[PDB]
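Here's the structure we're looking at; comments come further down.
When the chains are written out, they are named A, B, C, D, E, F, G, H, I, J, K, L, M, N and O in that same order, and each has its own residue count from 1.
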Amino acid sequence: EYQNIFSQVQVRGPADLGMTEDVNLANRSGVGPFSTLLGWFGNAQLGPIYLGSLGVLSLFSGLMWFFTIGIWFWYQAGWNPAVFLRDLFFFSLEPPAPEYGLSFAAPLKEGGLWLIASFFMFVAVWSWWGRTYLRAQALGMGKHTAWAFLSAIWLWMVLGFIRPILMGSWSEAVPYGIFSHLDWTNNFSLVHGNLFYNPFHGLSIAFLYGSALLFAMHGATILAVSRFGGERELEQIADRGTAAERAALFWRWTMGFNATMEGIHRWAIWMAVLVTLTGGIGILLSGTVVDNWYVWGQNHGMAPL
Amino acid sequence: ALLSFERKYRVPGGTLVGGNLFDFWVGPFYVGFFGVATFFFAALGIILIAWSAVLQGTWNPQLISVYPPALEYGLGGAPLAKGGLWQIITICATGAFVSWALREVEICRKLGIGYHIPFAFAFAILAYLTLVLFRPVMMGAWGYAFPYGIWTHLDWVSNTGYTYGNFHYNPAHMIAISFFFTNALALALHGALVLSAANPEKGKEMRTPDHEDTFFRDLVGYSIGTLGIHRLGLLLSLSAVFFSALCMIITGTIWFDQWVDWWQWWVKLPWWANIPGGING
Amino acid sequence: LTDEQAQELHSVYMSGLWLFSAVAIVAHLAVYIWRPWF
Amino acid sequence: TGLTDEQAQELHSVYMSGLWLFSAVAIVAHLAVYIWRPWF
Amino acid sequence: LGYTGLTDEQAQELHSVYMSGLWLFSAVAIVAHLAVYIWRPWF
Amino acid sequence: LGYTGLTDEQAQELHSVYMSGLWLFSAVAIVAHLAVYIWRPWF
Amino acid sequence: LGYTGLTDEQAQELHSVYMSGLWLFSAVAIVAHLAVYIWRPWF
Amino acid sequence: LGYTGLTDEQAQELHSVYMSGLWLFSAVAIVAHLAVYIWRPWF
Amino acid sequence: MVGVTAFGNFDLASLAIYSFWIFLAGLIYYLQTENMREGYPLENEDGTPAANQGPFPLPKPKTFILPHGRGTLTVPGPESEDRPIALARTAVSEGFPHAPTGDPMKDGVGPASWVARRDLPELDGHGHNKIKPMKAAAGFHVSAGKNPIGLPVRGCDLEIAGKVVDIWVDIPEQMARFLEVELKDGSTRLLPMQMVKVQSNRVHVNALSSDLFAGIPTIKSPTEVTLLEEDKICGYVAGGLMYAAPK
Amino acid sequence: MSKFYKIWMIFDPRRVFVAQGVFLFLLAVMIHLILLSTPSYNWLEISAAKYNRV
Amino acid sequence: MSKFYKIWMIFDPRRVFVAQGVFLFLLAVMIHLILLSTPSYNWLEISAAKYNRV
Amino acid sequence: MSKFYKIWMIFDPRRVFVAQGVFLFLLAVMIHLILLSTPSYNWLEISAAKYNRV
Amino acid sequence: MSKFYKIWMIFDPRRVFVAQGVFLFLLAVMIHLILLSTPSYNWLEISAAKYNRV
Amino acid sequence: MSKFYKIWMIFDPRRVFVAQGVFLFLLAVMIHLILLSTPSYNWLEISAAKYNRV
Amino acid sequence: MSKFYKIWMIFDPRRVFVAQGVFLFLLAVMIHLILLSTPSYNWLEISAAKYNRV
């Protein structure tokens, strides 16, 4: 009856400071507080966190981006806290108007502040990517996390930087707001025909659904064989046990083919990086190569003529 | 035929319906009672899709479409050429999905593992039945379900969404989207981490789970663990599907207008409703 | 917190509560003099 | 918290000194604003 | 008896230097405000 | 202090070099502002 | 001092070569700016 | 310093060959730019 | 580039979609071959190499360097069971079950199977044992759950089989892994934490009847448990679900 | 009265100091913003009107 | 009062006091915002009308 | 007053100095941006209008 | 200046230098972008106007 | 200038060579694409115009 | 001045050189993009209009 969804007994010991392969220990912090609420589901320990040069750069730039958008929101509210709380989700930093092109001459109120915020965000995201790479390198691990993050960065860059340049206007980029970027998404679909008929849009959706499918399958499989210590997968790779064999045989008897305790993670990483990669390509093609995706589908055997 | 370790696991037991009858393998596949049911329903549904393509007059697999009955048939039967083939295919699909889940249950209990996988699959079956059975029944017509076509059910999605304006003002829809995005992010991170521990820099020893915990604590200051990450993956996927089912079940039944108009209860809250500034004032 | 400790914390909390209520009543009475709703 | 009675007394004395300094500055500021532009 | 590990003399010296810096910063700010108020008063 | 491991002389020397760099940077900035203000004053 | 393992002579030599490279880069940049300003001044 | 395991002579020889390649690449680029500028100048 | 086609209706979007189809076929091939590093070549039901092996060739070997001087692992490689299987064919044709010859739970077949893993304890990043009894662990205590120590243990026949004596703890993950149960004869067994339900007054083991607790494989060292012993214990307890259905 | 010091026995002084500093700054900013939003007591706008800056 | 002191045998004092402070501050802010909404009992606006600030 | 130096026996000077630097910079930037957003005290536009720059 | 050299007895010089580089570069870019945003002080556009480039 | 060879003591030649190759190829492709995008310097279109190919 | 060589005992030359290279290339690309984005100082269209190529 115990399904291993929530731990039924919780234990605590001395905090684990972590490994010291060649990490600069002077850049680590102390351990934070233990949380029982998190310990019901996963680990209770918080921290320590590594902060280095790239951590400082990313924190400064991200804080400046956040503060720039926030101060613009406070300006749009008229400095009234009540209006700020009421119209939160309705404020937005907009990119420069279409008649300014790619130039940097747009006024502060009409898109210059958007350029300042975008520069800060650019620095923050790229320094965080470098930080993931260097944190992997310090521990002697492979850089798989950096490359998956690079896929995510590819889609982000296409949305905010690459496509506006190819289209020749900053007005193509996404505004900084909660409801406003949803409106941007809907208007992007409406302007370019019907984004459903973008084939790379369909592939991106296929891989997002596939991530949900594969992650549910894998979480369920590991929880099902956790009675044999299947969660300790790094050891099941080195010394195969009955947990790995039972999981492989379940999926083999079900659908005719299986994975290993490492190949399944290869499937996982590719299933996610593919949604973001195909999405980036599909957005890049919209407006620069195809202006009306539904008509394109009609000409390519996807929609009735 | 068999994997190197498969022989000791193939033992006679764990069936729900039948006994030694249907207790055998066909190649790698296990085929119990529900294996037979699944095969029959799937084959019938696929051949009926092909016959609907014959009736429609197209052989392009991207143009084949099986439309539900028109709204004037209500919840009754329809002629085969007009709406009935869709109904038979829906019955076949429901039978195939349920038999697949029950076959998974039989395999689970033959191998001695927990029933997490059939439960997770039942979540997706329930989302499908919400779109194809429960919502059409509450709205009173089979014509509110989606057609069986590669690109025409996207037309169904678009028409249904734009009936209520911009559909991602639906709040349960927002929650479901957030769960989907978080799920994809977590899947990428988890696959990358296990691979980076098992495949370190060239010439190095394999990393330990301590190295994985250390990597995430260095990066973001918290590590959920291995059991934690698998629990989180199951829960994120199932929550996404549950909230998508909810946001569709309330859409044509409780809500009837633009969802952006739903978000106005917050703005019109009395103690700031008339303050003159900002966007809504 | 045992019985005596909890009772003492209780007493100090109510001393604070009554001082706060006294200041609030002073303010409310000042408003009633300055601009009454009654 | 691990503080003794004397430690708590001393810490509270210094805290109250700081609080009264802050309050005195605030009182002077409010007096100046009220003379400049009363709100009652 | 310090939770940060500083002694009494160390705290006194650190506070002395901190107050020197604070007064320098405040003096610069005061001069800047005087210049702005002469240039363009806000009262 | 045991805070960074520097001695008194090391801190003095490091601060001397840091202040040399700071004054060079400030002098360049002052010349740049003088040039801009002559070219296009903002007051 | 002990931060990077370089001695005094090593730091001096490395800085000498670095400054040679910096001055070469700056000279090329100066010539480029002179050419652009003659071609199309921005003041 | 030797962060890479190369000796002084090895670094000198590798840099000599690298500079030969760099100058060949630069010469080809210079000829290409001369041809394009004669064909269609951009100044 | 809007409407620029090299031939027919083939533009940059068509080029992109066909390039992606080629890439996806290659990626699927790579993923399957990477998954083929365990369990291959395929065997007949009598142990001999099967005539058929599949549409994908076996990948080139790769070597893992195990930590703490545990050796190396090269996969794919010669894989052998290294243990007797007490199963008999029920049919001359393939695709039918193999029936256990004796007691399946003692013999370790079916849902009671185990694998001949290494006979050494699992280590942590520093070289210590990963799993320790909470008594031997330094500074470990129960934090926020129902503490099982001292509770009676009830089997699937609703009969008392023992009492909880200790908790075995995964030191790096800081999670309880096993319950140590003292039987009536003053002997202790390990029970997987994922197979017990800790209630207010008892610990309930749905998989295992009270009489079967004495048949749980024992650990040869009271202070540590190896991977092989973990296989045996987990496999026995899980096989109880099918092989203790009556009583 | 005269014994409130015992609260520092109940609350860690550093946590209380951090929390009350944050609270004081946020309260002060909120009040200043409230004054800025009202047409009256917006000292910038009324200074502009008094000296005819527009 | 009678025996309410025994709640501290059940609850950690810090959590209760923190929750009480947050609740009190939020209540006061909400009530002040409600008063500022209506023209009545809006001290910033009635003072503007009284001294003819507009 | 005279006993304020004891604050350094509760608060780590490094953490305090970092937080103070961040706080002061953000406050200065916010005040400058508020002044820029106001038609008066926008020194760039004031100098533009005075010197007939547009 | 007076006794400020002891700040290096509290802070690691490397981290301070890195923070200074990051802060100064970001501030300089922000100020240049603000100047480019203003119709005056955009040196490229006023140079274009002076020499009748466009 | 005569001692730039010491760069290879601190930089791995293989990483530098791979990065340099990738960088040079991407730069060249980007410049060629920028030239093809402009109506001038699109050598195919202007050869067409020059040789009267429609 | 004349003593800045001492910075190299503080910072590793490898990290400094890679950071400097990335920074310089990004700054050059940024300034070139800014110049191209302005209708003036875009040398391609300046040359096109000067020689009547459109």
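Throughout what follows, a contact is a pair of C-beta atoms (placed from the backbone, for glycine too) under 8 Å apart; a residue touches a chain by one contact, two chains touch by 3 or more.
A quick map from chain label to UniProt name: A = Reaction center protein M chain; B = Reaction center protein L chain; C, D, E, F, G, H = Light-harvesting protein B-875 beta chain; I = Reaction center protein H chain; J, K, L, M, N, O = Light-harvesting protein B-875 alpha chain.
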- Graph separation of chain A and chain D (steps between touching chains): 2
- A correct list of chains touching both chain B and chain J reads A, K
- Task: Find out how few touching-chain steps suffice to connect chain E with chain L.
- Result: 1
- Tell me the angle, as a multiple of 5 degrees, of the rotation that maps chain G onto chain H over the C-alpha atoms. 20
- Task: Return the chain label for which the distance between chain Cα mean and whole-protein Cα mean is smallest.
- Result: A
- Message: From the mean C-alpha coordinate of chain C to that of chain D, what's the distance rounded to whole Å?
- Response: 20
- Find the geometric centre of each of chain F and chain O from their Cα atoms only, then give the gap between the two centres in Å, rounded to an integer. 24
- Note on the structure: Expressed in whole Å, how far the mean CA point of chain A lies from that of chain K is 40
- Between chain B and chain D, what's the gap in Å when you average each chain's C-alpha atoms? 61
- Message: Residues of chain O that contact two or more other chains, please.
- Response: 4, 6, 10-11, 13-14, 34, 38-39, 41, 44, 47
- Query: Tell me, which residues of chain E touch at least two other chains?
  - Reply: 1, 3, 10, 14, 16, 42-43
- Note on the structure: Each of the following residues of chain I touches two or more other chains, namely 38-39, 64, 66, 113, 115, 125, 172-173, 175, 238
- Message: Which stretch or stretches of chain O touch chain G in the complex?
- Response: 4-13, 41, 46
- Query: Which bits of chain L are touching chain J when the two form their complex?
  - Reply: 7, 10-11, 23, 34, 38-41
- Message: So in the complex, the part of chain D that touches chain L is made up of which residues?
- Response: 14, 17-18, 21
- Query: Hey, which residues of chain O end up touching chain F in the complex?
  - Reply: 1, 3-4, 6
- Note on the structure: Within the complex, chain N is touched by chain H residues 1-4, 6, 8, 10-12, 14-16, 40
